[PDB]
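Inside the fold
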Amino acid sequence: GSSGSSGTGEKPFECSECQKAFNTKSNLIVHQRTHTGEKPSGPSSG
Ligand SMILES: [Zn+2]
């Protein structure tokens, strides 16, 4: 039906809000901050 991730590796560091994959922690940490405030990029609306 709706294929997807049959067998894909994972990263040692993953976000908490968007759950994004990262190689280094430093890069991740800095990426976590961006997740602040409200409607930073734009609402989904569907
Ligand atoms: Zn994130």
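Residue indices run from 1 on each chain, following the sequence as it is written; they may not match the entry's numbering, and residues absent from the coordinates are omitted. By convention in this description, side-chain values take in all heavy atoms of the structure and omit both hydrogens and water.

Method-wise, the PDB entry is recorded as coming from solution NMR.

The name recorded for the chain in the PDB entry is Zinc finger protein 268, from Homo sapiens. According to its PDB record, this entry is titled "Solution structure of the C2H2 type zinc finger (region 607-639) of human Zinc finger protein 268".

This brings us to the coordination of the zinc ion. Donor atoms: N, O and S within 2.8 Å of the metal, or within 3.2 Å for Na, K and Ca. Because water is excluded, sites can look incomplete. At the metal site, the zinc ion is ligated by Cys-15 (SG), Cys-18 (SG), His-31 (NE2) and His-35 (NE2), and these contacts range over 1.9 to 2.3 Å. Just to be clear on the cut-offs, tetrahedral is four donors with all angles between 85 and 135 degrees, square planar is four donors and octahedral six with opposite donors over 155 degrees apart and all others between 65 and 115, and anything else goes down as irregular. One can describe the donor arrangement at the zinc ion as tetrahedral, given that its 4 donor atoms subtend angles of 99 to 118° at the metal. Between consecutive donor residues of the zinc ion, the sequence gaps follow C-x2-C-x12-H-x3-H. With a gap of 17 residues between them, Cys-18 in the loop between β1 (13-14) and β2 (21-22) and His-35 in the segment after α1 (25-33) connect regions that are remote in the sequence. Looking at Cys-18, the relative accessible area reads 39%, which means it is partly exposed. Only protein chains enter the area calculation, which uses a 1.4 Å probe; residues under 20% of their type maximum are buried, those over 50% are exposed, and those in between are partly exposed. For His-35, a relative accessible area of 30% puts it in the partly exposed group. Numbering of helices and strands runs from the N terminus; a helix is a DSSP stretch of H or I covering at least four residues, while a strand is a stretch of E covering at least two.

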